[PDB]
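First, one chain by itself in structure tokens, the form deposited in one PDB entry.
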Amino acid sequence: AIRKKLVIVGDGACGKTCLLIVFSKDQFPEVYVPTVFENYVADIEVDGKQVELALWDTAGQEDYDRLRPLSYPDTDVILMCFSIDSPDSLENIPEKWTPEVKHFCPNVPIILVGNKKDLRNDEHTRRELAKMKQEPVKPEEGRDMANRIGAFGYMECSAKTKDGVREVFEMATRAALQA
């Protein structure tokens, strides 16, 4: 089992912390949802290959430009997250997060992940966004952003229902293994 390192990046409201929590427990917490994530090493077998995948969160480092890059050394795969209930989180991907990750993690594959996909058809979300002349991110808008930024691929998931979560981390493992 070779060891690989994954780092998740994105705005404070993108759901990155919840995504790591749900994946690491294979469960959306029923009693208490933690505020923070320390680290975790997941045992993943993808396409017949065994990997130990170390997981790291950048939550809390978004306002600190000299502390934040200390999370990047030796990263093998980046998950770059936005929330489907927040077109504002998707707008910050191409010219804030993408140039930073390309500078500190040259040649590292980036998977663009649309989180909170369960809110795309949520009535309350659609009402709140319409007040700011907005709507939930459409899947083609996510794919086009991933294409534009040179992402390895585009994926969606819901930490709330767990749908798509296993698939995101198995694909991140495959990307980390590539030459």
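The first residue of the sequence shown is number 1, and the count goes up from there.
Another form exists, solved in complex with a small molecule; not displayed. Remarks below refer to it.
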Do residue 119 and the small molecule share at least one heavy atom pair within 4.5 Å in the bound PDB entry? yes
Is the gap between residue 132 and the small molecule in the bound PDB entry 4.5 Å or less for some heavy atom pair? no
Taking heavy atoms and a 4.5 Å cut-off, does residue 159 contact the small molecule in the bound PDB entry? yes
